[PDB]
Amino acid sequence: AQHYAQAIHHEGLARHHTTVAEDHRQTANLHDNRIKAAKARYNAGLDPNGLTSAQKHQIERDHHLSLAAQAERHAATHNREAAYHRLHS
Ligand SMILES: [Zn+2]
């Protein structure tokens, strides 16, 4: 049960990735609010560049969602490997 040690390793790595995923989702949502603000400026006649800015915040939002999903997938991978080793401790 070097198994125990591998379980703890993989569990900590899973937690890491879970936190990275949560941070990315939070970042995505911060971008999502700026999309909204940008469009509202544009539409109120205060910022002709506001649609361009909204588009860039969409790119950023979507990139952060994609990095979140990837982190979540890595977390799942480590959790399966952790469970395996726990079962064999
Ligand atoms: Zn990993």
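Residues numbered from 1 in each chain as written, not as in the entry; some residues may be left out. Heavy atoms only, no water. Residues with missing side-chain atoms left out of burial classes, pairs and counts.

Q: Give me the lowdown on the overall build of the protein chain, citing residues and values where you can.
A: Helix and strand content of the protein chain: two helices and zero strands. Here the C-alpha atoms of the protein chain give a radius of gyration of 20 Å, more than 25% beyond the 12 Å that 2.2 N^0.38 yields for 89 residues. Principal axes of the C-alpha set define a box for the protein chain whose edges measure 65 × 10 × 10 Å. The long-range fraction of contacts in the protein chain, counting pairs at least 24 apart against all pairs at least 6 apart in sequence, stands at 75%. (Helix = DSSP H or I, 4+ residues; strand = E, 2+ residues; numbered from the N terminus. Rg over C-alpha atoms; globule rule 2.2 N^0.38 Å. Contact = heavy atoms within 4.5 Å.)

Q: Give a detailed account of the coordination of the zinc ion, specifying residues and quantitative values.
A: Within the protein, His 17 (NE2) and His 78 (NE2) serve as the donor atoms for the zinc ion, at 2.1 to 2.5 Å. Residue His 17 is found in helix α1 (residues 2-43), and its partner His 78 is found in helix α2 (residues 50-87); the two are separated by 61 residues along the sequence. Each member of the pair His 17 and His 78 is classed as buried. (Donors = N, O, S within 2.8 Å, 3.2 Å for Na, K, Ca; no water. Buried < 20%, exposed > 50% of the residue type's maximum accessible area, 1.4 Å probe, protein only.)

Q: With reference to specific residues and values, describe the side chain of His 64.
A: Among the structural elements, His 64 can be located in helix α2. Among residues more than four places away in sequence, those in contact with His 64 are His 24, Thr 27, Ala 28 and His 31.

Q: Help me get a handle on the UniProt feature "binding site: Zn(2+)" (unreviewed entry) in the protein chain, residues and values and all.
A: The positions UniProt marks with the feature "binding site: Zn(2+)" (unreviewed entry) are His 17 and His 78. Despite a sequence span of 62 residues, these residues sit close together in the fold, their greatest C-alpha distance being 9.0 Å. Residue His 17 is classed as buried on the basis of its relative accessible area, which comes to 16%. Here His 78 is in contact with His 10, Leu 13, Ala 14 and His 17, once residues within four sequence places are set aside. At 3.0 Å, the side chain of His 78 and the side chain of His 10 are in polar contact. (UniProt positions renumbered as here; feature names shortened; annotations may be inferred. Polar contact = N/O pair within 3.5 Å; in protein donor to acceptor, adjacent residues only side chain to side chain.)

Q: Break down the packing of α1 against α2 for me, with residues and values.
A: The interhelical angle for the contact between α1 and α2, taken along N-to-C directions, is 165 degrees, at an axis separation of 7 Å. Relative to α2, the element α1 is oriented roughly antiparallel. Crossing of α1 over α2 shows left-handed handedness. Classifying every residue of the contact of α1 with α2 gives 20 nonpolar, 17 polar and 11 charged. (Axes fitted to C-alpha atoms, helices over the stretch in contact; angles between N-to-C directions. Parallel < 35°, antiparallel > 145°, perpendicular 65-115°, else oblique. Left-handed = near helix turned anticlockwise from the far one by under 90°. Nonpolar A, V, L, I, M, F, W, Y, C, P; charged D, E, K, R; others polar.)

Q: Talk me through α2; I want residue IDs and the actual numbers.
A: Think of an α-helix as 3.6 residues a turn; residues three or four steps apart then line up on the same face. In this model α2 runs 55 Å from its N-terminal to its C-terminal C-alpha over 38 residues, within 8% of the 56 Å that 1.5 Å per residue would give. Of all the residues in α2, the buried ones are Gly 50, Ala 54, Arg 61, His 64, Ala 68, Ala 71, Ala 75, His 78, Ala 82 and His 85. Where α2 is buried, its residues contact α1. (Expected span 1.5 Å × (residues − 1).)

Q: Lay out the pattern of salt bridges with the relevant residues and their values.
A: Enumeration according to the criterion identifies six salt bridges in this entry. Linking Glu 72 and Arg 25 is a salt bridge whose minimum nitrogen-to-oxygen distance equals 2.6 Å. Pair noted here: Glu 72 is in helix α2 and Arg 25 is in helix α1, with a separation of 47 residues, a long-range link. In this structure, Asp 47 and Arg 41 form a salt bridge, with 2.9 Å as the shortest nitrogen-oxygen distance. Looking at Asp 47, the relative accessible area reads 16%, which means it is buried. Each of the salt bridges in this network shares a partner with another, and the network as a whole consists of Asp 32, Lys 36, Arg 61 and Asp 62. (Salt bridge = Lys/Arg side-chain N within 4 Å of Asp/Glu carboxyl O.)

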